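Peer 1: I am sharing final.csv, which consists of CSV, C-alpha atoms:
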```
chain,number,residue,atom,x,y,z
A,1,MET,CA,0.0,0.0,0.0
A,2,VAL,CA,1.2,3.6,-0.7
A,3,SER,CA,1.1,5.0,2.9
A,4,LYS,CA,1.7,3.4,6.3
A,5,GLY,CA,-1.5,5.1,7.6
A,6,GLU,CA,-3.5,3.5,4.8
A,7,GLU,CA,-2.7,0.1,6.2
A,8,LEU,CA,-4.7,1.0,9.4
A,9,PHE,CA,-7.9,1.1,7.4
A,10,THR,CA,-8.0,-2.3,5.6
A,11,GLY,CA,-10.8,-3.5,8.0
A,12,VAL,CA,-13.5,-2.2,10.4
A,13,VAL,CA,-12.1,0.4,12.8
A,14,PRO,CA,-13.9,1.6,15.9
A,15,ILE,CA,-14.7,5.3,16.1
A,16,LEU,CA,-15.1,7.7,19.1
A,17,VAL,CA,-16.4,11.3,18.6
A,18,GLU,CA,-16.3,13.9,21.3
A,19,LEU,CA,-17.7,17.4,20.7
A,20,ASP,CA,-17.8,20.4,23.1
A,21,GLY,CA,-20.0,23.2,21.7
A,22,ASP,CA,-21.1,26.7,22.6
A,23,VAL,CA,-23.6,28.4,20.3
A,24,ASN,CA,-24.8,31.9,21.3
A,25,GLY,CA,-23.6,31.0,24.9
A,26,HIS,CA,-25.7,27.7,24.9
A,27,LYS,CA,-23.1,25.0,26.0
A,28,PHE,CA,-23.6,21.4,24.9
A,29,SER,CA,-21.6,18.2,24.6
A,30,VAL,CA,-22.0,15.3,22.2
A,31,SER,CA,-20.5,11.8,22.4
A,32,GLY,CA,-20.5,9.4,19.5
A,33,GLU,CA,-19.4,5.8,19.0
A,34,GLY,CA,-19.5,3.3,16.2
A,35,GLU,CA,-17.3,2.1,13.4
A,36,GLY,CA,-16.0,2.8,9.9
A,37,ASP,CA,-14.9,0.6,7.0
A,38,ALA,CA,-13.0,2.5,4.4
A,39,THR,CA,-13.1,-0.5,2.0
A,40,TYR,CA,-16.7,0.5,1.5
A,41,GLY,CA,-16.6,4.2,2.7
A,42,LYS,CA,-19.2,3.2,5.2
A,43,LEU,CA,-19.7,4.7,8.8
A,44,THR,CA,-22.3,3.6,11.4
A,45,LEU,CA,-22.4,5.9,14.3
A,46,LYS,CA,-24.7,6.8,17.2
A,47,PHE,CA,-24.4,10.2,18.8
A,48,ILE,CA,-25.9,11.3,22.2
A,49,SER,CA,-26.2,14.6,23.9
A,50,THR,CA,-24.7,14.5,27.4
A,51,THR,CA,-26.2,18.0,28.2
A,52,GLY,CA,-29.9,17.6,27.5
A,53,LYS,CA,-31.8,18.9,24.4
A,54,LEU,CA,-29.3,20.3,21.9
A,55,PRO,CA,-29.7,24.1,21.2
A,56,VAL,CA,-29.1,23.4,17.4
A,57,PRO,CA,-30.4,20.9,14.9
A,58,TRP,CA,-28.5,17.6,14.6
A,59,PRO,CA,-28.2,17.9,10.8
A,60,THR,CA,-26.2,21.1,11.2
A,61,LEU,CA,-23.5,19.1,13.2
A,62,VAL,CA,-23.1,16.2,10.7
A,63,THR,CA,-20.2,17.7,8.7
A,64,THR,CA,-18.4,18.5,12.0
A,65,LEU,CA,-19.0,15.1,13.6
A,66,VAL,CA,-13.6,11.6,9.7
A,67,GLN,CA,-12.8,11.8,6.0
A,68,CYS,CA,-10.0,9.3,6.6
A,69,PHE,CA,-12.8,6.7,6.1
A,70,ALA,CA,-13.3,7.7,2.4
A,71,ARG,CA,-13.2,4.8,-0.1
A,72,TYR,CA,-10.3,5.8,-2.6
A,73,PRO,CA,-10.3,4.1,-5.9
A,74,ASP,CA,-7.2,2.0,-6.7
A,75,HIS,CA,-5.9,4.6,-9.2
A,76,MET,CA,-6.3,7.4,-6.7
A,77,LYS,CA,-4.5,5.9,-3.6
A,78,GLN,CA,-1.7,8.4,-3.9
A,79,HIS,CA,-4.2,11.3,-3.3
A,80,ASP,CA,-5.4,10.1,0.1
A,81,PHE,CA,-4.0,12.8,2.5
A,82,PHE,CA,-6.3,11.8,5.3
A,83,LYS,CA,-5.0,8.2,5.8
A,84,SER,CA,-1.4,9.2,5.1
A,85,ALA,CA,-1.5,11.5,8.2
A,86,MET,CA,-2.4,8.5,10.4
A,87,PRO,CA,-1.8,7.4,13.1
A,88,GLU,CA,-0.5,10.7,14.4
A,89,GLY,CA,-3.5,12.4,12.7
A,90,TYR,CA,-4.6,15.8,11.5
A,91,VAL,CA,-6.1,19.0,12.6
A,92,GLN,CA,-9.4,19.9,10.9
A,93,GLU,CA,-10.5,23.5,11.1
A,94,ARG,CA,-13.7,24.9,9.6
A,95,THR,CA,-15.9,28.0,9.5
A,96,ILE,CA,-19.5,27.2,8.5
A,97,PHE,CA,-21.6,30.2,7.5
A,98,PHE,CA,-25.4,29.7,7.7
A,99,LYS,CA,-26.9,32.1,5.2
A,100,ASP,CA,-28.8,34.9,6.8
A,101,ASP,CA,-27.8,33.5,10.3
A,102,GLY,CA,-24.8,32.8,12.4
A,103,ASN,CA,-21.7,30.8,11.9
A,104,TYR,CA,-19.9,27.9,13.5
A,105,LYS,CA,-16.1,27.8,14.0
A,106,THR,CA,-14.7,24.3,14.6
A,107,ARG,CA,-11.3,22.9,15.5
A,108,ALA,CA,-10.9,19.1,15.6
A,109,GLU,CA,-8.1,16.6,16.0
A,110,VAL,CA,-8.6,13.3,14.2
A,111,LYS,CA,-6.1,10.6,15.3
A,112,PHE,CA,-5.7,7.1,16.5
A,113,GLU,CA,-5.8,6.6,20.3
A,114,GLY,CA,-4.9,3.0,20.7
A,115,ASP,CA,-7.0,1.0,18.2
A,116,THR,CA,-9.7,3.6,17.9
A,117,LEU,CA,-10.0,6.5,15.5
A,118,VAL,CA,-11.0,9.5,17.6
A,119,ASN,CA,-12.5,12.8,16.4
A,120,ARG,CA,-12.3,15.4,19.2
A,121,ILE,CA,-14.0,18.7,18.4
A,122,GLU,CA,-14.4,22.2,19.8
A,123,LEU,CA,-17.2,24.3,18.2
A,124,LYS,CA,-18.1,27.9,18.8
A,125,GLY,CA,-21.1,29.5,17.2
A,126,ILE,CA,-22.0,33.2,17.2
A,127,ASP,CA,-24.5,35.7,15.7
A,128,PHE,CA,-27.4,33.2,15.5
A,129,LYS,CA,-31.0,34.5,15.4
A,130,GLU,CA,-33.2,33.2,18.2
A,131,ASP,CA,-36.2,32.8,15.8
A,132,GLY,CA,-33.9,31.5,12.9
A,133,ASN,CA,-33.8,28.0,11.4
A,134,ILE,CA,-30.9,26.8,13.7
A,135,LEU,CA,-31.9,28.1,17.2
A,136,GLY,CA,-35.6,27.7,16.2
A,137,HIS,CA,-35.1,24.0,15.3
A,138,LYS,CA,-36.8,24.5,11.9
A,139,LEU,CA,-34.7,22.0,9.9
A,140,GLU,CA,-35.9,18.6,8.5
A,141,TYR,CA,-34.3,15.5,10.0
A,142,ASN,CA,-33.8,12.8,7.3
A,143,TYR,CA,-31.1,12.8,4.6
A,144,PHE,CA,-28.7,15.1,2.7
A,145,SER,CA,-25.7,14.7,0.4
A,146,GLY,CA,-22.6,16.8,-0.2
A,147,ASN,CA,-19.6,16.9,-2.6
A,148,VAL,CA,-16.3,18.3,-1.3
A,149,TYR,CA,-13.6,19.6,-3.7
A,150,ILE,CA,-10.3,18.8,-2.0
A,151,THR,CA,-7.3,20.8,-3.1
A,152,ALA,CA,-3.7,20.8,-1.7
A,153,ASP,CA,-2.4,23.5,0.6
A,154,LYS,CA,1.4,23.0,-0.1
A,155,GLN,CA,2.5,25.9,2.2
A,156,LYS,CA,0.7,24.1,5.2
A,157,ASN,CA,1.6,20.6,4.1
A,158,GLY,CA,-2.1,19.9,4.0
A,159,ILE,CA,-5.4,20.3,2.2
A,160,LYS,CA,-8.3,22.8,2.0
A,161,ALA,CA,-11.8,23.0,0.6
A,162,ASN,CA,-14.9,25.1,0.3
A,163,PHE,CA,-18.3,23.6,-0.2
A,164,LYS,CA,-22.0,24.3,0.2
A,165,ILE,CA,-24.5,22.2,2.1
A,166,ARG,CA,-28.3,22.5,1.6
A,167,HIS,CA,-30.4,21.7,4.6
A,168,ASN,CA,-34.2,21.4,3.9
A,169,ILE,CA,-36.4,23.5,6.2
A,170,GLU,CA,-39.4,21.6,7.7
A,171,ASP,CA,-42.5,22.4,5.7
A,172,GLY,CA,-40.5,24.2,2.9
A,173,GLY,CA,-37.4,26.1,2.0
A,174,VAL,CA,-33.6,25.5,2.1
A,175,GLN,CA,-31.0,26.7,4.7
A,176,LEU,CA,-27.6,27.1,3.0
A,177,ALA,CA,-24.4,26.3,5.0
A,178,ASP,CA,-21.2,27.5,3.3
A,179,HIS,CA,-18.2,25.5,4.6
A,180,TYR,CA,-14.6,26.5,4.5
A,181,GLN,CA,-12.1,23.8,5.6
A,182,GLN,CA,-8.3,23.4,6.3
A,183,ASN,CA,-6.5,20.3,7.4
A,184,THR,CA,-2.9,19.9,8.5
A,185,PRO,CA,-0.9,16.9,9.8
A,186,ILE,CA,-0.2,16.6,13.5
A,187,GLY,CA,2.9,14.5,13.0
A,188,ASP,CA,6.3,15.3,11.3
A,189,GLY,CA,6.3,12.2,8.9
A,190,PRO,CA,5.7,12.6,5.2
A,191,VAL,CA,2.1,12.9,4.0
A,192,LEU,CA,0.4,12.6,0.5
A,193,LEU,CA,-0.6,16.0,-1.0
A,194,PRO,CA,-3.3,15.4,-3.5
A,195,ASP,CA,-4.2,16.6,-6.9
A,196,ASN,CA,-7.7,18.2,-6.9
A,197,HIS,CA,-10.5,15.7,-6.4
A,198,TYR,CA,-13.9,15.2,-4.8
A,199,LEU,CA,-15.2,13.5,-1.7
A,200,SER,CA,-18.9,12.6,-2.2
A,201,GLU,CA,-20.8,12.1,1.1
A,202,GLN,CA,-24.3,10.8,1.8
A,203,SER,CA,-25.9,11.2,5.3
A,204,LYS,CA,-28.9,9.2,6.5
A,205,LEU,CA,-30.3,10.3,9.9
A,206,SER,CA,-32.5,8.2,12.1
A,207,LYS,CA,-33.7,7.6,15.7
A,208,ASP,CA,-33.2,4.8,18.1
A,209,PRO,CA,-36.8,4.2,19.4
A,210,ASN,CA,-35.4,3.2,22.9
A,211,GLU,CA,-33.0,6.2,23.3
A,212,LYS,CA,-34.5,8.8,25.6
A,213,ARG,CA,-31.5,11.2,25.3
A,214,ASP,CA,-31.4,13.7,22.4
A,215,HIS,CA,-29.5,11.7,19.9
A,216,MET,CA,-28.7,10.9,16.2
A,217,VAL,CA,-28.2,7.6,14.5
A,218,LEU,CA,-26.0,8.2,11.4
A,219,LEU,CA,-25.3,6.0,8.4
A,220,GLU,CA,-22.6,7.8,6.3
A,221,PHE,CA,-21.1,6.9,2.9
A,222,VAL,CA,-17.9,8.7,1.8
A,223,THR,CA,-16.3,8.1,-1.6
A,224,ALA,CA,-13.4,9.7,-3.5
A,225,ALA,CA,-13.7,10.4,-7.3
A,226,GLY,CA,-12.7,13.1,-9.8
A,227,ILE,CA,-9.5,11.7,-11.4
A,228,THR,CA,-10.0,9.8,-14.6
A,229,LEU,CA,-8.6,6.2,-15.0
A,230,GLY,CA,-5.8,6.9,-17.6
```
What do you get writing this file as C-alpha coordinates?
Peer 2:
Amino acid sequence: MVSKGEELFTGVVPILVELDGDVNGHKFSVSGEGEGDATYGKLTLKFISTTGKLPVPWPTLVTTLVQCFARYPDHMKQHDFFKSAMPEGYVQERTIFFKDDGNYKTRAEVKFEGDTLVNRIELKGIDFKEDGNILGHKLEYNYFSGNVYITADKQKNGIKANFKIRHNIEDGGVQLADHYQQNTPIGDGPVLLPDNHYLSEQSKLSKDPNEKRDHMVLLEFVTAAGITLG
(Lines of atoms letter the chains of each structure in order from A and count residues from 1; the text may use other names and numbers.)
(Lines give C-alpha, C1' and ligand atoms only; values in the text may rest on other atoms or scores of the structure.)
Protein backbone atom coordinates (compact mmCIF):
# COMPACT_ATOMS: atom_id res chain seq x y z
CA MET A 1 0.00 0.00 0.00
CA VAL A 2 1.17 3.59 -0.70
CA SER A 3 1.07 4.99 2.87
CA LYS A 4 1.65 3.42 6.26
CA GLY A 5 -1.52 5.08 7.59
CA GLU A 6 -3.54 3.48 4.76
CA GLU A 7 -2.68 0.05 6.24
CA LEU A 8 -4.68 1.02 9.39
CA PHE A 9 -7.95 1.12 7.38
CA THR A 10 -8.03 -2.31 5.62
CA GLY A 11 -10.78 -3.52 7.99
CA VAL A 12 -13.48 -2.23 10.36
CA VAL A 13 -12.11 0.43 12.75
CA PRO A 14 -13.87 1.58 15.93
CA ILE A 15 -14.68 5.30 16.14
CA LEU A 16 -15.15 7.66 19.08
CA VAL A 17 -16.35 11.25 18.64
CA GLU A 18 -16.35 13.93 21.33
CA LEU A 19 -17.72 17.43 20.69
CA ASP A 20 -17.79 20.42 23.06
CA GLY A 21 -20.04 23.18 21.71
CA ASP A 22 -21.07 26.73 22.59
CA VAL A 23 -23.65 28.39 20.30
CA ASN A 24 -24.80 31.90 21.32
CA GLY A 25 -23.64 30.98 24.87
CA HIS A 26 -25.68 27.71 24.93
CA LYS A 27 -23.12 25.03 25.98
CA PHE A 28 -23.60 21.44 24.89
CA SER A 29 -21.62 18.22 24.61
CA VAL A 30 -22.03 15.28 22.19
CA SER A 31 -20.51 11.80 22.41
CA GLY A 32 -20.49 9.39 19.51
CA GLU A 33 -19.41 5.81 18.98
CA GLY A 34 -19.46 3.29 16.18
CA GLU A 35 -17.27 2.08 13.38
CA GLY A 36 -16.01 2.76 9.90
CA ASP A 37 -14.90 0.58 6.97
CA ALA A 38 -12.96 2.55 4.39
CA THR A 39 -13.09 -0.50 2.04
CA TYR A 40 -16.74 0.55 1.46
CA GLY A 41 -16.56 4.18 2.66
CA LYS A 42 -19.21 3.24 5.22
CA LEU A 43 -19.68 4.66 8.78
CA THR A 44 -22.28 3.56 11.35
CA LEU A 45 -22.41 5.91 14.33
CA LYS A 46 -24.71 6.82 17.18
CA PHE A 47 -24.40 10.23 18.85
CA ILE A 48 -25.93 11.29 22.16
CA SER A 49 -26.19 14.63 23.92
CA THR A 50 -24.72 14.54 27.44
CA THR A 51 -26.17 18.02 28.18
CA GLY A 52 -29.89 17.61 27.45
CA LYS A 53 -31.81 18.86 24.44
CA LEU A 54 -29.33 20.32 21.94
CA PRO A 55 -29.74 24.05 21.18
CA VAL A 56 -29.06 23.44 17.42
CA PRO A 57 -30.36 20.86 14.92
CA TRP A 58 -28.48 17.55 14.58
CA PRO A 59 -28.24 17.89 10.76
CA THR A 60 -26.19 21.11 11.21
CA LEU A 61 -23.52 19.11 13.16
CA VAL A 62 -23.09 16.19 10.73
CA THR A 63 -20.20 17.67 8.73
CA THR A 64 -18.40 18.52 12.03
CA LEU A 65 -18.96 15.07 13.65
CA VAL A 66 -13.59 11.59 9.71
CA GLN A 67 -12.79 11.83 5.97
CA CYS A 68 -9.99 9.29 6.59
CA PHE A 69 -12.77 6.66 6.08
CA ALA A 70 -13.28 7.66 2.40
CA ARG A 71 -13.15 4.85 -0.14
CA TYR A 72 -10.35 5.84 -2.57
CA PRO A 73 -10.34 4.05 -5.94
CA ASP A 74 -7.17 2.02 -6.70
CA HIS A 75 -5.94 4.59 -9.24
CA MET A 76 -6.33 7.42 -6.67
CA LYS A 77 -4.53 5.90 -3.65
CA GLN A 78 -1.68 8.44 -3.87
CA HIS A 79 -4.23 11.28 -3.32
CA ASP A 80 -5.45 10.13 0.13
CA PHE A 81 -3.96 12.80 2.45
CA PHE A 82 -6.26 11.78 5.31
CA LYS A 83 -5.02 8.21 5.81
CA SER A 84 -1.40 9.23 5.10
CA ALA A 85 -1.48 11.51 8.20
CA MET A 86 -2.38 8.50 10.42
CA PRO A 87 -1.81 7.37 13.06
CA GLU A 88 -0.52 10.75 14.41
CA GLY A 89 -3.53 12.37 12.73
CA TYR A 90 -4.56 15.75 11.45
CA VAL A 91 -6.13 19.02 12.63
CA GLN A 92 -9.37 19.93 10.87
CA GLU A 93 -10.54 23.55 11.08
CA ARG A 94 -13.73 24.95 9.56
CA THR A 95 -15.89 28.02 9.52
CA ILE A 96 -19.50 27.23 8.51
CA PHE A 97 -21.63 30.22 7.50
CA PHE A 98 -25.40 29.72 7.74
CA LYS A 99 -26.92 32.07 5.16
CA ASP A 100 -28.84 34.94 6.84
CA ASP A 101 -27.83 33.48 10.26
CA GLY A 102 -24.80 32.79 12.43
CA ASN A 103 -21.65 30.78 11.91
CA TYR A 104 -19.86 27.86 13.54
CA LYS A 105 -16.10 27.84 13.99
CA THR A 106 -14.70 24.35 14.60
CA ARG A 107 -11.33 22.92 15.46
CA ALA A 108 -10.88 19.14 15.63
CA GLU A 109 -8.11 16.57 16.02
CA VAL A 110 -8.60 13.29 14.20
CA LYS A 111 -6.08 10.64 15.28
CA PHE A 112 -5.65 7.06 16.50
CA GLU A 113 -5.85 6.65 20.31
CA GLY A 114 -4.90 3.02 20.67
CA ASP A 115 -6.97 0.95 18.19
CA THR A 116 -9.71 3.61 17.92
CA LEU A 117 -10.02 6.51 15.47
CA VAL A 118 -10.97 9.52 17.62
CA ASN A 119 -12.47 12.83 16.42
CA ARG A 120 -12.27 15.43 19.23
CA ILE A 121 -13.98 18.75 18.38
CA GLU A 122 -14.40 22.24 19.81
CA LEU A 123 -17.25 24.25 18.22
CA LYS A 124 -18.05 27.95 18.80
CA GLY A 125 -21.14 29.46 17.17
CA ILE A 126 -21.99 33.17 17.19
CA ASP A 127 -24.46 35.66 15.69
CA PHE A 128 -27.38 33.19 15.49
CA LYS A 129 -30.98 34.49 15.38
CA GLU A 130 -33.21 33.18 18.20
CA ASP A 131 -36.17 32.76 15.75
CA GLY A 132 -33.93 31.47 12.91
CA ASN A 133 -33.81 28.00 11.40
CA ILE A 134 -30.95 26.79 13.67
CA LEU A 135 -31.90 28.09 17.17
CA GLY A 136 -35.57 27.69 16.24
CA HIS A 137 -35.12 23.96 15.32
CA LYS A 138 -36.80 24.48 11.91
CA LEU A 139 -34.75 21.96 9.86
CA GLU A 140 -35.88 18.59 8.50
CA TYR A 141 -34.30 15.47 10.00
CA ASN A 142 -33.79 12.84 7.26
CA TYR A 143 -31.09 12.78 4.57
CA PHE A 144 -28.67 15.06 2.74
CA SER A 145 -25.68 14.74 0.42
CA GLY A 146 -22.58 16.81 -0.24
CA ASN A 147 -19.60 16.94 -2.65
CA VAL A 148 -16.30 18.34 -1.33
CA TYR A 149 -13.60 19.60 -3.74
CA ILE A 150 -10.30 18.77 -1.97
CA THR A 151 -7.27 20.83 -3.06
CA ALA A 152 -3.70 20.78 -1.74
CA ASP A 153 -2.41 23.54 0.58
CA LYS A 154 1.36 23.03 -0.11
CA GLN A 155 2.47 25.88 2.24
CA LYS A 156 0.69 24.15 5.19
CA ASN A 157 1.63 20.57 4.11
CA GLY A 158 -2.12 19.86 4.04
CA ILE A 159 -5.43 20.31 2.21
CA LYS A 160 -8.27 22.82 1.97
CA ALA A 161 -11.79 22.95 0.60
CA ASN A 162 -14.88 25.10 0.34
CA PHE A 163 -18.31 23.60 -0.23
CA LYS A 164 -22.02 24.32 0.20
CA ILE A 165 -24.49 22.16 2.13
CA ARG A 166 -28.26 22.50 1.59
CA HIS A 167 -30.44 21.70 4.63
CA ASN A 168 -34.19 21.37 3.93
CA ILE A 169 -36.45 23.54 6.16
CA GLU A 170 -39.38 21.60 7.72
CA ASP A 171 -42.55 22.44 5.66
CA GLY A 172 -40.54 24.23 2.91
CA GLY A 173 -37.37 26.14 1.96
CA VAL A 174 -33.61 25.51 2.13
CA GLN A 175 -31.03 26.72 4.65
CA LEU A 176 -27.59 27.07 3.04
CA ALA A 177 -24.39 26.31 4.98
CA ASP A 178 -21.19 27.54 3.32
CA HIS A 179 -18.22 25.48 4.62
CA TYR A 180 -14.57 26.51 4.55
CA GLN A 181 -12.08 23.84 5.61
CA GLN A 182 -8.34 23.43 6.25
CA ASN A 183 -6.52 20.32 7.43
CA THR A 184 -2.89 19.94 8.50
CA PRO A 185 -0.93 16.94 9.78
CA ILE A 186 -0.22 16.64 13.53
CA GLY A 187 2.92 14.51 12.95
CA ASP A 188 6.28 15.28 11.27
CA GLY A 189 6.25 12.22 8.92
CA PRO A 190 5.67 12.61 5.17
CA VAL A 191 2.08 12.93 3.95
CA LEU A 192 0.42 12.64 0.54
CA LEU A 193 -0.56 16.00 -0.96
CA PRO A 194 -3.30 15.37 -3.50
CA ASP A 195 -4.21 16.58 -6.95
CA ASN A 196 -7.68 18.22 -6.93
CA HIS A 197 -10.50 15.69 -6.45
CA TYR A 198 -13.89 15.21 -4.83
CA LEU A 199 -15.21 13.46 -1.74
CA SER A 200 -18.90 12.57 -2.18
CA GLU A 201 -20.85 12.15 1.08
CA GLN A 202 -24.34 10.79 1.82
CA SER A 203 -25.91 11.18 5.29
CA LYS A 204 -28.93 9.15 6.51
CA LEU A 205 -30.25 10.30 9.89
CA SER A 206 -32.52 8.18 12.06
CA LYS A 207 -33.65 7.64 15.65
CA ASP A 208 -33.21 4.80 18.12
CA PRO A 209 -36.77 4.21 19.39
CA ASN A 210 -35.42 3.22 22.86
CA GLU A 211 -33.01 6.20 23.35
CA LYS A 212 -34.51 8.83 25.64
CA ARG A 213 -31.52 11.23 25.34
CA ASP A 214 -31.44 13.70 22.42
CA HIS A 215 -29.51 11.65 19.86
CA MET A 216 -28.73 10.90 16.22
CA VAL A 217 -28.20 7.56 14.48
CA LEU A 218 -26.05 8.17 11.39
CA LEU A 219 -25.30 6.02 8.35
CA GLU A 220 -22.63 7.82 6.29
CA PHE A 221 -21.07 6.92 2.94
CA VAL A 222 -17.92 8.73 1.80
CA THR A 223 -16.28 8.09 -1.58
CA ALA A 224 -13.39 9.70 -3.50
CA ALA A 225 -13.69 10.45 -7.25
CA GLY A 226 -12.69 13.10 -9.77
CA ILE A 227 -9.55 11.71 -11.37
CA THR A 228 -9.99 9.79 -14.61
CA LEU A 229 -8.60 6.23 -14.98
CA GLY A 230 -5.82 6.92 -17.57
Peer 1: Using all atoms listed in the file, which residues sit within 9 Å of residue 122 in chain A once same-chain residues fewer than 5 positions away are excluded, as a PyMOL selection string?
Peer 2: chain A and resi 18-22+105-108
Peer 1: Rank nothing, just name the residue among A:136, A:117, A:29, A:130 nearest to residue 51 in chain A, using all atoms listed in the file.
Peer 2: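 For residue 51 in chain A, the nearest of the given residues is A:29.
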Peer 1: Could you work out how far CA of residue 129 in chain A lies from CA of residue 161 in chain A, giving the answer in Å with one decimal?
Peer 2: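 These atoms are spaced 26.8 Å apart.
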Peer 1: Please list, as a list in words, the residues that have an atom at most 8 Å away from (-31.1, 23.4, 15.8) in the coordinates of this file, counting only C-alpha atoms.
Peer 2: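 The answer, in the requested form, is residues 54, 55, 56, 57, 58, 59, 60, 133, 134, 135, 136, 137, 138 and 139 of chain A.
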Peer 1: Have a look at A:127, A:37, A:109, A:178 and name the one nearest to residue 95 in chain A; count only C-alpha atoms.
Peer 2: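 Nearest candidate to residue 95 in chain A out of A:127, A:37, A:109, A:178: A:178.
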Peer 1: Hey, can you pull every residue with an atom no more than 12 Å from (-23.7, 25.0, -1.7), using all atoms listed in the file, and send it as a list in words?
Peer 2: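 Every residue inside that radius is included here: residues 96, 97, 98, 99, 144, 145, 146, 147, 148, 149, 162, 163, 164, 165, 166, 167, 174, 175, 176, 177, 178, 179 and 180 of chain A.
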Peer 1: For the atom pair CA of residue 45 in chain A and CA of residue 77 in chain A, what is the interatomic distance in Å to one decimal place?
Peer 2: 25.3 Å
Peer 1: In Å, how far is it from CA of residue 113 in chain A to CA of residue 85 in chain A?
Peer 2: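 Between CA of residue 113 in chain A and CA of residue 85 in chain A the gap is 13.7 Å.
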Peer 1: Counting all atoms listed in the file, which of A:123, A:30, A:61, A:150 gets nearest to residue 200 in chain A?
Peer 2: A:150
Peer 1: Given all atoms listed in the file as the basis, pick out the residue of A:13, A:125, A:28, A:168 nearest to residue 52 in chain A.
Peer 2: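 Using all atoms listed in the file, residue 52 in chain A sits closest to A:28.
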Peer 1: Can you pull out every residue within 12 Å of residue 40 in chain A, counting only C-alpha atoms, but drop anything in the same chain fewer than 4 positions away, and send it as a ChimeraX atom specification?
Peer 2: /A:9-12,36,44,69-73,220-224
Peer 1: Go through A:110, A:121, A:91, A:216 and flag the residue nearest residue 159 in chain A, using all atoms listed in the file for the distances.
Peer 2: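 Looking only at the distances to residue 159 in chain A, the closest residue turns out to be A:91.
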Peer 1: Using all atoms listed in the file, pick whichever of A:78, A:202, A:142, A:49 has the shortest atom-to-atom distance to residue 170 in chain A.
Peer 2: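 Among the listed residues, the smallest separation from residue 170 in chain A belongs to A:142.
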